[PDB]
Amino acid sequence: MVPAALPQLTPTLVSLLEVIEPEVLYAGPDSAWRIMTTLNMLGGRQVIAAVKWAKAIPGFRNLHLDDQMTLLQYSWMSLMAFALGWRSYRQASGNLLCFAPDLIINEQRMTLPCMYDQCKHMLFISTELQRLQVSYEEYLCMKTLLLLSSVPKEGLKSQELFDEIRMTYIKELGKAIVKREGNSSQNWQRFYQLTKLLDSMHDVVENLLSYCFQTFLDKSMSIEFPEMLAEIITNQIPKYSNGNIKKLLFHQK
């Protein structure tokens, strides 16, 4: 028994990331066509929550408005897929996609026709967070980095500020790793491993956007998307297809 109180915020970026992280949404089917539509409807709500989150990230609102909109359009799938991997990893109940507490997709549904090829890519993130035993603090830092990982080939209007902000979260990820109390050698190796995982998110996202864009465009397929998601995808596609989305990588590849 303790009184009602808000936990103590400290002067560190990760303490702030923890307070601004949105609460997990509840969603509120045995056919791939129906499952897909349902996932999209959830996704639109999660994306609205993500925009509100990004505006709270120290430095973000100081970027030109066009910069903010572009970063969100380029990175939303990465942010949604990484958070899905996290919820699924933290479920610790086997190969299961935890879209929401009331919307879990088990092995049986993941193997329905038309589902496996898309679910396997989402599951990959989960198994990687699990293999590396990623901590909540590391996850919050990495998730922020995904918002700052895809830029226009021609550069942002607020390029210098963006670079500074990005470096701030790269260091914060380094502090989250150090905090686990491994030795110097383990710290170096872990930074390597987590930055490799960040880089691998670009490939995951390419696989997901392929489904996103095709299902959105083929109106005959009758897969529905909410308004917010529809508007973003509508604006993203031209940039994506024109090869304008530059992926920032930690490793040469």
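Start at 1 with the first residue shown and count on from there.
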Missing residues between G28 and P29 in the deposited sequence, please: none, 1 to 3, 4 to 9, or 10 or more. 4 to 9
Between 216 to 224 and 183 to 191, point out the one with the higher average CA B-factor as the PDB entry records it. 216 to 224
Which of the two stretches, 45 to 53 or 192 to 200, shows the higher mean Cα temperature factor in the record? 45 to 53
Candidate residues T168, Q130, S93, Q118, the one whose C-alpha B factor the record puts highest: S93
Within this chain's modelled residues, let me know which third the CA B factor of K157 belongs to: lowest, middle or highest. highest
Would you mind ranking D163 by its C-alpha B-factor against the rest of the chain and naming the third, lowest, middle or highest? middle
Chain-relative C-alpha B factor for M36 (record values, thirds): the middle
Entry-reported Cα temperature factor of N235, expressed as the chain third it lands in: highest
Relative to the other modelled residues in the chain, which third contains the C-alpha temperature factor of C141: lowest, middle or highest? lowest
